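# Coordinate inspection notes
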Amino acid sequence: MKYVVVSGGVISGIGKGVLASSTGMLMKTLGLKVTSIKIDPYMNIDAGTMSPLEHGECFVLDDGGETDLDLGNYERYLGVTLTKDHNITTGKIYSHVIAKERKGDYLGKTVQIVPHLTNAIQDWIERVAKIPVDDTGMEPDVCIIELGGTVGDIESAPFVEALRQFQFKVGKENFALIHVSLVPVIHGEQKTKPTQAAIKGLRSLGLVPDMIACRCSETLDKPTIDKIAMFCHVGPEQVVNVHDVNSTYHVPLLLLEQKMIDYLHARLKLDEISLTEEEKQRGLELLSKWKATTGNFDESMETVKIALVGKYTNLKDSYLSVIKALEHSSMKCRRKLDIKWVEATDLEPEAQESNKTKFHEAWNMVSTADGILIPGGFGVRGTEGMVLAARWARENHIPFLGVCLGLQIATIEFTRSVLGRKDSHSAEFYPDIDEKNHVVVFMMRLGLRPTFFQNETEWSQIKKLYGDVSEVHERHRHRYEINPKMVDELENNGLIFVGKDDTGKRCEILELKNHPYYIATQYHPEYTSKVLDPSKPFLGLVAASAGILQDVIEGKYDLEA
Amino acid sequence: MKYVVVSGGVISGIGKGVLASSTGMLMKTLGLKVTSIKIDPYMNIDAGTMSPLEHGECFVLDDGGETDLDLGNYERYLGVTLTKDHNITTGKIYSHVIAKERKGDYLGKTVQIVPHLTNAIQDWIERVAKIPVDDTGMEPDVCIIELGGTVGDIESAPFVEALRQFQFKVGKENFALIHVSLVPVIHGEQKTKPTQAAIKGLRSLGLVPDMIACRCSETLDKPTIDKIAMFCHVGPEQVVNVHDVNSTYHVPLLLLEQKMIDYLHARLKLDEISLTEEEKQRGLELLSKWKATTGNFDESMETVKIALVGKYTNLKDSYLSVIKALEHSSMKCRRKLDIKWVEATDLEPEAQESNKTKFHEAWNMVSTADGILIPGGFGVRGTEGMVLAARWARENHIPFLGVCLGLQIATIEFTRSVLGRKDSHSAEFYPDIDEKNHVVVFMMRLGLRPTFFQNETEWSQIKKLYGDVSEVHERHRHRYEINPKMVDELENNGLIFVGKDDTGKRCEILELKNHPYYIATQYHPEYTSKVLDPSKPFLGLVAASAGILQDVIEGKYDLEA
Amino acid sequence: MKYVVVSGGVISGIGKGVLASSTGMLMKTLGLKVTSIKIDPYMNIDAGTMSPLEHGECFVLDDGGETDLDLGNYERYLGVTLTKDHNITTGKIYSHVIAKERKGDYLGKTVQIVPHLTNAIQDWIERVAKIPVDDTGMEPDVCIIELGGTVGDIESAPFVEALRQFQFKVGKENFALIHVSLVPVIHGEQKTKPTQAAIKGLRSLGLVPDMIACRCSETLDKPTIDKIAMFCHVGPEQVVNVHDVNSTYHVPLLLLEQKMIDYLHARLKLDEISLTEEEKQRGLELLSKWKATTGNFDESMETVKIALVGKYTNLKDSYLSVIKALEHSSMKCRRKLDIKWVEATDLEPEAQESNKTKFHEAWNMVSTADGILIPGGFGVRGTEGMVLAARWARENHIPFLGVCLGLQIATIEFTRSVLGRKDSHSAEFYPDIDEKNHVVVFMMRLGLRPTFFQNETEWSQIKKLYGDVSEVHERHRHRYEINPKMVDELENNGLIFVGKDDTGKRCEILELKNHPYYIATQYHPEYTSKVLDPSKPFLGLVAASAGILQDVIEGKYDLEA
Ligand SMILES: Nc1ccn([C@@H]2O[C@H](COP(=O)(O)OP(=O)(O)OP(=O)(O)O)[C@@H](O)[C@H]2O)c(=O)n1
Ligand SMILES: Nc1ccn([C@@H]2O[C@H](COP(=O)(O)OP(=O)(O)OP(=O)(O)O)[C@@H](O)[C@H]2O)c(=O)n1
Ligand SMILES: Nc1ccn([C@@H]2O[C@H](COP(=O)(O)OP(=O)(O)OP(=O)(O)O)[C@@H](O)[C@H]2O)c(=O)n1
Ligand SMILES: Nc1ccn([C@@H]2O[C@H](COP(=O)(O)OP(=O)(O)OP(=O)(O)O)[C@@H](O)[C@H]2O)c(=O)n1
Ligand SMILES: Nc1ccn([C@@H]2O[C@H](COP(=O)(O)OP(=O)(O)OP(=O)(O)O)[C@@H](O)[C@H]2O)c(=O)n1
Ligand SMILES: Nc1ccn([C@@H]2O[C@H](COP(=O)(O)OP(=O)(O)OP(=O)(O)O)[C@@H](O)[C@H]2O)c(=O)n1
């Protein structure tokens, strides 16, 4: 096996993940089977305790674990299904060694941070790097290891020990390191010294960088590259630079044009992977398809405006997957994405006396947008405004997607306005009883579950985007579903539930009959959107906002003929 | 409250504990209420998993937890009952913060090594420093904090962060630090540089030493003190030196004569503790009694030779408490202690053909000794030789003490030789059934439990040493007890069980009627031996080995008239 | 005596000098006698070898040494005459200890970087801090020590050793340190970690900061101050911040409003300086006069445009003193300064075919400007264009100042256009002989020398600005003077030499009779411009460019009535 560490810097937030999965997207250009592990220095075992206000969105796996949010950036860049084990955390590894301590697996020795815990970290990395995350069941050929925090933190010290020892447990010419570092510009001059002091830190703990990659406000000057390479064990051609680019999807082409892979090919001696012709071809095809979606961003002539309406939209990382799912789809439509961020509570009739100015800004965004999106918010607060946003797109033929709480609110609105029933509400308003629009179903429902189309719904816009396939597989995070008692009334009035579960009891998709595009999903489709294969419910929202939905379904926008 | 850190060095094993509890023994000379915490960098939560072969003896508390062995050094030096919480460990504190993470006590924040875990360590130190470990229920006035490992270890990095922040959570003029450091002598010259490089390390993590204390092969030269104080923020009078001394019990007088406390009095402004006259007097009396037991070591004219017979006596830390209990008692008898270490298996009739040379060395030790001691060994291996050592002291009137497995073997031997019954054995040889000398009693029996003298046994040598008090309280670690069915036969033959438990079902002490000193205890009395109050079963063993037992009971050897 | 170090950062160029002399300007607000030392890590002994292209202008002392350029920033901020010894450099101190090594002043000991060279640095700082640099001959009360480079450089390591030892040779409560450090803003967030890593570096070498001062793109957030003070031994009120301000002369008011001195008053216990009432008053008056010149910058309604015409004006530090002399004077005139930078060679008739575009930009600047300034350039290259700039201001009544080479070119032009004599040139064109406008006078003439007005010249605009005083004292740097043989012809034609030397042989000032303001000086007056007392030849240039020269001479712009 081969491995690539991405680590480093004098600051957290320097740029690692885009240098990480982006480096891993280019390993796939070579035809390689590829995987990724994110090592987190924080002490949470999982994001299941972490509220979406800090550390952001609880990204959800095929295996239904609430992971680190960043893992998602690797399932889009590489096109892989990761697992709950690919997110190493400081709380996860202290728990695993402490479990073995009380089980007595150390044969009554004292157990130490070195060597026992640093062995555990190496034994975890080489365990997880066997798992076949890729489009065929063979073990990966390269693993990208991203070390979070900064080298020299008292929180990241166990992992730089474990990785140093791993440079020997794995060989040189099988392991390499990319160190990401700061070139601050002050008084209009690029200063090298934070890279010198952080490389002094790096060699102290015993890792040696095979590349340096700079966060800089500028293109690095020719002398700045020379004054970094005069102070580190790299040639001047391995001081990489992730400068300003037209969009984040260009970074793997930027790295490839900086000859980043033409070094890693030699430095990891990748002629030693015995690839079949099918893999070598599928590598070149993935690069061609990347050049196509990238070209479709530069060659983008016209804007699509989408209002994303939810709780606390100020906290923009809390909707990160939703944004990326809209970006992947917008490059298929060749159209520039313009998300309007609406706080759902600013739409309310009460907000007009309380905070009038922001209420007009919110309603201008809703009134301007070519599509509406209710994104699967957290808790009840935003609900009353999200109802009026769903009403706005039901009545006037605006394209719409509701995700999770958005299906809940598409159904509450269609109840509250098409059936009358003005008292109806989420099951969250428990003591109203008779008018609850939803029912509890704890089984929380999580992870990849199937969904099956109802066999008559040949008219459906959404089941056309899925290619007329009989079923789909999707991620879930819900404790409530629409009350089955009401569903015949909603189906008879035209809110047709075009997809249900294995039992047929659970409401998984709705489409409103004879509207240009009004969909909701109980699942979160943004947790399976990929840059070359956009998630179908979000592709339909952008394509109908562009007024091109028919031609996207007919195939006028696939990447290769 | 006031606090004293003891930390440091370029090596583990430099001398901390003797500089720690020894500094704490002198805080008690001032009359202060005193406590101690040992911070261990290892990842075991407790010594209950740790086999006695590495990290040594599982020291046992009043509260019955299997602690770090070193805690014992503080219960002898200070005269305090500690608790399972006074041994902070890296595995204990990661477990406590990870428990709060899954309970959700962090209110859905991400939880970090800084500030959350470094707050947990400070909140633990100031929690535990409230506990009244001393001879009256008031909270301690000084806490001695010993930081294990070395500063600059990747295992000790969380604790030097937590202690730095603690220098502010507690004030300066309430916290002080003693750093213990190496002065190697090579080519006959004292080199200062390992102290310079380790003090550079110390100030990097942000602690500042109020004293330096040197491990050195010599008295520090006047220039060595000056060349350390020219490189650290200490006066030349605060470079302390724990040099070679007549015995370890002299170290608090060495520190006091080096004016170590005459600085800490000012540096911790200890006039601010409002002591009552009773405390001030009991402080001076504790110093006088220390000068007495110390004088009784220098003024020691004659040797007592004791054979300690057990499994794997090569592993001398595995019997550490037993050695210290013999030392405390030997200073009461004014006699020099000479422990002969015997491997119990080398006494066996089989060892004579297998390894004849070591078998003669073992038997010469048994034949020479003025007393025999079977120390409460681990597992079955040594048993056959320990029987012959108990027989040797039953028949010939040699003084004897059996501790735990030693009472078991005193009873197996008295069965195997006085009752005949040559097939009898420990309950460990389970499938013999009918001839098992013991019975299972899991309740493992642990911690401080009472023991009550049988009301007729006024003749007893051991219940005389306990001052004719009605009951005693002692530590236990046993899964087996002598089978109650047999005890009438043993009592009638003269192996009188002079002490039993609350129920009267359990065999806690035996004394053989009409022998000069042949005792065993099911408890481990070495876990309550103190330097001014020696544990009575061990005092009797030394005093009878000295042939002075009568006069020790009559009071010819108490420290003050 | 008291002392203040200014040091630090993860980068060179962070802001030290403005935090240094600015802190020293506020020590003078307290009435204190004040001095400054700049410690340079570079190996040049003096700027006399350093070409003005790199490290910039060779600033010149009262004592005529070619110093570090930065010393000037302290002679403006404090109002002091420094000496060649106030610029400590790595080349200067290795030379001084190596001289004592060959003289044998070490009594045949081996001489070491510690302690001998670190003693030399301390013995230099306390030597120089005695020198009476101030407006009365008493020794200074505070010394500001600026440590150049960054802490943790292999070039600055001898000085952080010497300063650590100096924290003891001088007492605490006599020495304090200000550490200047970076808060980079990326992704719109202020990151603290470069300050944590550089403070870890600082405490390693053993200095402790009594203040931190941040270079930041922003006002520091309340949490950024707290997260620095949680990681350093400073209160949150001693994390100072030199943010963006209207001009550099506001920084001492910014520091004073951040309560910077209200701490240093206590931290250096400055009630212990026994000031007389005259000093206490002159302190408050200096603050009032600073508030006045600062107010005159904010209250500045109208611009003055000045063309500064010379060689290589792209290298803007090479003219630094000239810029500051124009700034000090512009605040007296209440007018906003706008220096147009002209490359002198772009004015040439040859430049019109060679590089036409830049030639028009150069001539637009010359044609726009309200005043012309020829700044005392280095070498011959620019001369031909500087002639045409002097002609432009002779003929059309534009205000003019020529400094050094500018007097040379004022005289070459007046010769070349008023006397005819079109072949005349600088003595630099040696082999023309008969038409050389100048003569060699090596004595190089350097340092503070007098100049005496010619006793009839009561009409003079410049000798009016000097207050009708009989003589002036000024800095020089010249190897050529105007040929005395010609001076009668120039005086008779109206280029009156209104000032000459002690002998009357040397051409020190000229004024053209009956022009609104056309001055030149052979000396460099910008080496004695101060912020409260602007250098008179530059005050006249700004005031005549403003058309207000009469009223400045009559006194309509002095700071206090
Ligand atoms: N392939 C990627 C990589 C990053 N991002 C986005 O960029 C931001 C985070 O970038 P990252 O690469 O993780 O840098 P930071 O986290 O800011 O810093 P670090 O280097 O510490 O990860 C987030 O919006 C993340 O979703 C993304 O959309 N796609
Ligand atoms: N010396 C330190 C300081 C912090 N941490 C931990 O590592 C993380 C790094 O986060 P970082 O972005 O460094 O936060 P700050 O320390 O505030 O750094 P910044 O100021 O850039 O946020 C911290 O959250 C904390 O978990 C650490 O290990 N060692
Ligand atoms: N009051 C004390 C202190 C120490 N010792 C003994 O000395 C040895 C350990 O000494 P210690 O002070 O702990 O030093 P080390 O552990 O060798 O090193 P460190 O400084 O790391 O603790 C053990 O036999 C311990 O029982 C003792 O008998 N009584
Ligand atoms: N931090 C230090 C200390 C000393 N030196 C210099 O390097 C030499 C090393 O000599 P050394 O043997 O280290 O002398 P000491 O510092 O006293 O070390 P030791 O105590 O082993 O003599 C010193 O003489 C002094 O010249 C140095 O460069 N850096
Ligand atoms: N009282 C001052 C201080 C500084 N400057 C100007 O500001 C620049 C240099 O600022 P300085 O304070 O020296 O910062 P740097 O040299 O950039 O960085 P350092 O902190 O390393 O000195 C130069 O134009 C210098 O003349 C000035 O005009 N007046
Ligand atoms: N590790 C180093 C590197 C350089 N220097 C010296 O200290 C000076 C600091 O200048 P600096 O501004 O740090 O130059 P760079 O090293 O290039 O840093 P920058 O990239 O910010 O210019 C250097 O010129 C060199 O004299 C040093 O002492 N130690």
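- Structure determination for this PDB entry was carried out by cryo-EM, with a resolution of 3.5 Å recorded in the header.

## Some remarks on the relation of the copies chain A and chain C
- The two copies are related by a screw motion: chain A maps onto chain C through a turn of 180 degrees and a shift of 0.0 Å along the axis, at an RMSD of 0.0 Å. Expressed as a symmetry operation, the mapping of one chain copy onto the other fits a two-fold axis.
- Interface overlap between copies: 100% of the residues of chain A at the interface are likewise at the interface in chain C, consistent with a symmetric, same-surface contact.

## Comments concerning the nonpolar core
- Core analysis: the largest hydrophobic core is formed by 96 residues, its most contacted members being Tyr3(A), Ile39(A), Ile125(A), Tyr3(B), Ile39(B) and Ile125(B).
- With sequence-adjacent residues up to four places away left out, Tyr3(B) is seen in contact with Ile125(B), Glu126(B), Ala129(B), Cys143(B), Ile145(B), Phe166(B), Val170(B), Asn174(B), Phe175(B), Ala176(B) and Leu268(B).

## Considering the relation of the copies chain B and chain A
- In screw terms, the move from chain B to chain A is a rotation of 180 degrees and a rise of 0.0 Å along the axis, fitting with an RMSD of 0.0 Å.
- Comparing interface residues between copies, 100% of those in chain B also lie at the interface in chain A; the contact surface is shared.

## A word on the UniProt feature "active site" in chain A
Residues and elements named next belong to chain A.
- Taking the UniProt record as the reference, the feature "active site" is found at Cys404, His524 and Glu526.
- As for its position among the elements, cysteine 404 is in the loop between β13 (400-403) and α15 (405-418).
- For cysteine 404, the contacting residues outside a window of four places in its chain are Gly376, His478, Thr521, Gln522, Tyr523 and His524.
- The residue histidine 524 is located in the loop between β22 (518-521) and α18 (536-545) in this model.
- We classify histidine 524 as buried; its relative accessible area is 3%.

## Let's talk about the interface of chain A and chain C
- At the junction of the two partners, chain A supplies 14 residues and chain C supplies 14 residues.
- Taken together, the two surfaces of chain A and chain C that pack against each other cover about 1200 Å², and 66% of this comes from carbon and sulfur.
- When the buried area of chain A at its contact with chain C is split by residue, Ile11(A), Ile186(A) and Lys193(A) rank highest and sum to 36% of it.
- Remark: the boundary between chain A and chain C carries two salt bridges.
- Among the ionic pairs, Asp153(C) bridges to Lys193(A), the shortest N-O distance being 3.2 Å.
- Applying the counting criterion to the chain A and chain C interface returns three residue pairs in polar contact.

## A short note on the side chain of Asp346(C)
Residue and element names in this part refer to chain C.
- By the element assignment, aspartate 346 lies in the loop between β11 (336-343) and α12 (351-354).
- The side chain of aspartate 346 is buried and forms no salt bridge, while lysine 358, the nearest opposite charge, is found at 6.4 Å.
- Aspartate 346 has contacts with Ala351, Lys358, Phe359 and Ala362, leaving out every residue within four places of it along the chain.

Reading the values: the criteria
Residues numbered from 1 in each chain as written, not as in the entry; some residues may be left out. Chains lettered and ligands numbered in written order. Part of a larger assembly, values for the part shown. Heavy atoms only, no water. Least-squares fit on C-alpha atoms. Contact = heavy atoms within 4.5 Å. Core = buried A, V, L, I, M, F, W, Y, C linked by side-chain atoms within 4.5 Å. Buried < 20%, exposed > 50% of the residue type's maximum accessible area, 1.4 Å probe, protein only. UniProt positions renumbered as here; feature names shortened; annotations may be inferred. Helix = DSSP H or I, 4+ residues; strand = E, 2+ residues; numbered from the N terminus. Buried area = accessible area lost by both parts, 1.4 Å probe. Salt bridge = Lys/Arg side-chain N within 4 Å of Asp/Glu carboxyl O. Polar contact = N/O pair within 3.5 Å; in protein donor to acceptor, adjacent residues only side chain to side chain. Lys, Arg positive; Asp, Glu negative; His and termini not counted.

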